[PDB]
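What follows is one structure encoded as structure tokens, with my remarks underneath.
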Amino acid sequence: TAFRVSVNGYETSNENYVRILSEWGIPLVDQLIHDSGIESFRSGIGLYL
Amino acid sequence: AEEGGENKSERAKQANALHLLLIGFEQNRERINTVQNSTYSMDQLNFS
């Protein structure tokens with residue numbers, strides 16, 4: 001992906017969680033949901049029914 | 001004193017090694033964690 005997220009071992013999980021989102025934001029989440037595959041599953045069953 | 005110096009013999013160095021290790025532990029007792037390897041950065045330990 002276009003993202004270049006890096007994890008710092010000296011920061012806590014929450015600190016990285018806040019830092020990463022503050023850097024990139026929603027667009028990273030959209031990719032995560034896209035890679036989740038739930039959207040395709042709902043479309044597939046909807047088309048079938 | 002018996003060996004005449006820390007670097008004189010290998011056994012002397014190991015005695016010095018433990019000497020410095022035990023002293024090294026004594027000087028950094030607060031930063032040591034029992035199980036997990038303590039992790040810090042320059043700012044966390046106040047290093048400038």
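Naming scheme: A, B, ... for chains in displayed order of the structure tokens; residues 1 onward per chain; ligands 1 onward as shown.
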> If we count only C-alpha atoms, which residues of chain A reach to within 9 Å of chain B? Please list them as a ChimeraX atom specification.
Replying inline: /A:9-11
>> For residue 3 in chain B, find every residue with an atom within 12 Å (counting only C-alpha atoms), except residues of its own chain fewer than 3 positions away, and show them as JSON, numbers by chain.
In response: {"B": [6, 7, 8, 9, 10, 11, 12, 13, 14, 15, 16]}
Residues from the last selection, N, CA and C atoms, saved as a PDB file, in the first residue's frame:
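Below is the file out.pdb, written as the result:
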ATOM      1  N   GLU B   6      43.486  -6.795  37.003  1.00  0.00           N
ATOM      2  CA  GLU B   6      42.331  -7.416  36.362  1.00  0.00           C
ATOM      3  C   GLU B   6      42.713  -8.067  35.037  1.00  0.00           C
ATOM      4  N   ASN B   7      43.584  -7.421  34.265  1.00  0.00           N
ATOM      5  CA  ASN B   7      43.944  -7.883  32.930  1.00  0.00           C
ATOM      6  C   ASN B   7      45.142  -8.825  32.924  1.00  0.00           C
ATOM      7  N   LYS B   8      45.688  -9.167  34.092  1.00  0.00           N
ATOM      8  CA  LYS B   8      46.899  -9.983  34.123  1.00  0.00           C
ATOM      9  C   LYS B   8      46.626 -11.409  33.657  1.00  0.00           C
ATOM     10  N   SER B   9      45.498 -11.985  34.066  1.00  0.00           N
ATOM     11  CA  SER B   9      45.177 -13.367  33.741  1.00  0.00           C
ATOM     12  C   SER B   9      43.706 -13.473  33.368  1.00  0.00           C
ATOM     13  N   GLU B  10      43.382 -14.527  32.615  1.00  0.00           N
ATOM     14  CA  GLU B  10      41.998 -14.749  32.210  1.00  0.00           C
ATOM     15  C   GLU B  10      41.094 -14.936  33.420  1.00  0.00           C
ATOM     16  N   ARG B  11      41.545 -15.711  34.408  1.00  0.00           N
ATOM     17  CA  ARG B  11      40.754 -15.893  35.621  1.00  0.00           C
ATOM     18  C   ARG B  11      40.561 -14.570  36.350  1.00  0.00           C
ATOM     19  N   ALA B  12      41.590 -13.720  36.357  1.00  0.00           N
ATOM     20  CA  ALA B  12      41.452 -12.399  36.961  1.00  0.00           C
ATOM     21  C   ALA B  12      40.405 -11.569  36.232  1.00  0.00           C
ATOM     22  N   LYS B  13      40.411 -11.614  34.897  1.00  0.00           N
ATOM     23  CA  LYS B  13      39.436 -10.845  34.129  1.00  0.00           C
ATOM     24  C   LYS B  13      38.014 -11.300  34.430  1.00  0.00           C
ATOM     25  N   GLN B  14      37.792 -12.615  34.505  1.00  0.00           N
ATOM     26  CA  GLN B  14      36.460 -13.115  34.823  1.00  0.00           C
ATOM     27  C   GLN B  14      36.023 -12.685  36.217  1.00  0.00           C
ATOM     28  N   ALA B  15      36.941 -12.701  37.187  1.00  0.00           N
ATOM     29  CA  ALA B  15      36.629 -12.145  38.499  1.00  0.00           C
ATOM     30  C   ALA B  15      36.288 -10.666  38.385  1.00  0.00           C
ATOM     31  N   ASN B  16      37.059  -9.929  37.581  1.00  0.00           N
ATOM     32  CA  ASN B  16      36.723  -8.537  37.306  1.00  0.00           C
ATOM     33  C   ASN B  16      35.405  -8.424  36.551  1.00  0.00           C
TER      34      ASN B  16
END
> Mind checking DSSP for chain A and telling me the helix (DSSP H, G or I) residues as a ChimeraX atom specification?
Replying inline: /A:13-23,26-36,38-48
Pull C-alpha atoms from the residues just selected and write them as a PDB file, in the first residue's frame.
ATOM      1  CA  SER A  13       0.538   0.017  21.924  1.00  0.00           C
ATOM      2  CA  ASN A  14      -1.909   2.853  22.589  1.00  0.00           C
ATOM      3  CA  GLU A  15       0.728   5.504  21.847  1.00  0.00           C
ATOM      4  CA  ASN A  16       1.463   3.912  18.472  1.00  0.00           C
ATOM      5  CA  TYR A  17      -2.279   3.460  17.925  1.00  0.00           C
ATOM      6  CA  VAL A  18      -2.856   7.190  18.432  1.00  0.00           C
ATOM      7  CA  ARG A  19       0.288   8.158  16.514  1.00  0.00           C
ATOM      8  CA  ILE A  20      -0.460   5.966  13.488  1.00  0.00           C
ATOM      9  CA  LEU A  21      -4.041   7.199  13.134  1.00  0.00           C
ATOM     10  CA  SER A  22      -3.003  10.825  13.644  1.00  0.00           C
ATOM     11  CA  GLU A  23      -0.516  10.410  10.784  1.00  0.00           C
ATOM     12  CA  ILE A  26      -9.349   7.153   7.919  1.00  0.00           C
ATOM     13  CA  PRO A  27      -7.805   6.082   4.563  1.00  0.00           C
ATOM     14  CA  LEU A  28      -5.796   3.394   6.364  1.00  0.00           C
ATOM     15  CA  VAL A  29      -9.014   2.145   7.981  1.00  0.00           C
ATOM     16  CA  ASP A  30     -10.747   1.911   4.599  1.00  0.00           C
ATOM     17  CA  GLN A  31      -7.942  -0.311   3.307  1.00  0.00           C
ATOM     18  CA  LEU A  32      -8.216  -2.454   6.444  1.00  0.00           C
ATOM     19  CA  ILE A  33     -11.955  -2.930   5.924  1.00  0.00           C
ATOM     20  CA  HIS A  34     -11.369  -3.578   2.220  1.00  0.00           C
ATOM     21  CA  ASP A  35      -8.857  -6.300   3.107  1.00  0.00           C
ATOM     22  CA  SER A  36     -11.288  -7.681   5.705  1.00  0.00           C
ATOM     23  CA  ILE A  38     -16.823  -8.521   4.694  1.00  0.00           C
ATOM     24  CA  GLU A  39     -17.926  -6.137   1.935  1.00  0.00           C
ATOM     25  CA  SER A  40     -17.456  -8.776  -0.768  1.00  0.00           C
ATOM     26  CA  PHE A  41     -19.298 -11.394   1.297  1.00  0.00           C
ATOM     27  CA  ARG A  42     -22.348  -9.163   1.753  1.00  0.00           C
ATOM     28  CA  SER A  43     -22.416  -8.312  -1.957  1.00  0.00           C
ATOM     29  CA  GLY A  44     -22.131 -11.971  -2.945  1.00  0.00           C
ATOM     30  CA  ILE A  45     -25.055 -13.141  -0.821  1.00  0.00           C
ATOM     31  CA  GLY A  46     -27.129 -10.110  -1.802  1.00  0.00           C
ATOM     32  CA  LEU A  47     -26.613 -10.840  -5.495  1.00  0.00           C
ATOM     33  CA  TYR A  48     -27.474 -14.515  -4.990  1.00  0.00           C
TER      34      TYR A  48
END
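Separating CA of residue 23 in chain B from CA of residue 37 in chain B is a distance of 19.2 Å.
Between CA of residue 26 in chain B and CA of residue 12 in chain A there is a distance of 27.5 Å.
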